[PDB]
Amino acid sequence: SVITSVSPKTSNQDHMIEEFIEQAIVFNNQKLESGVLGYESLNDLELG
Amino acid sequence: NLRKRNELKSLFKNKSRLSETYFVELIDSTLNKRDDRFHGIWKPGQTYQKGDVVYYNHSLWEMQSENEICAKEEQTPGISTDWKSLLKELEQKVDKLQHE
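So the sequences go chain by chain: F and R.
Counting from 2, one number per residue, gives the positions in the first sequence under the numbering used here.
Counting from 410, one number per residue, gives the positions in the second sequence under the numbering used here.
Set out below in structure tokens:
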């Protein structure tokens, strides 16, 4: 085996490149804790 | 003793995330009337322990009795034999000298 590239005239596939847009970003990162001391801003402590 | 008002005020903001530490510095830096033995003005209904210091009329008083006591309405520093003060001993002694 020998590794080469993909071409639209030897196969029908190419490299797929698209543009990144800042305002359409979604994060995938969940907080480990919530609502407890040490993990929230002072504005968000509800004094339960 | 470790921090001033302008240093403690620097840890508590709306856009700041708090923690256990901030409260350690808050508790250490203010006056703990139990652990430093100072209660301000005498009030009936309290409980005191050996060594407490209290301000009653124009004098500071330290409690002598070794067991806890309940501050009774009609027992007041000067009447009872729990409390003590030097500004009264010296006052009476100098009054005696003045009279003599």
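Positions of the beta carbon are idealized from the N, C-alpha and C atoms, including for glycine.
Classify F/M17: buried if its beta carbon has 16 or more other beta carbons within 10 angstroms, exposed otherwise. exposed
Proximal residues to F/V37 (C-beta, below 7 Å), its chain only, five neighbours per side dropped: none
What ranges does the beta strand (DSSP E) occupy inside the stretch 463-497 of chain R, keeping only unbroken runs of at least 3 residues that lie completely in it? 468-472
Could you name the residues of the same chain whose beta carbon sits closer than 8 Å to that of R/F421, not counting the 5 residues immediately before and after it, in chain order? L427, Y431
Between the Cα of R/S474 and those of R/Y465, R/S489, R/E509, spot the shortest distance and give me the residue it belongs to. R/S489
Checking contacts by CB at 8 Å: is F/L43 closer than that to chain R? yes
Of the choices R/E477, R/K502, R/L506, R/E509, whose alpha-carbon is the least far from that of R/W492? R/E477
Give me the residue from R/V462, R/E500, R/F447, R/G454 with the minimum Cα distance to R/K481. R/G454
How would you list, in chain order, the residues of chain R whose beta-carbon sits under 8 Å from the beta-carbon of F/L38? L427, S428, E429
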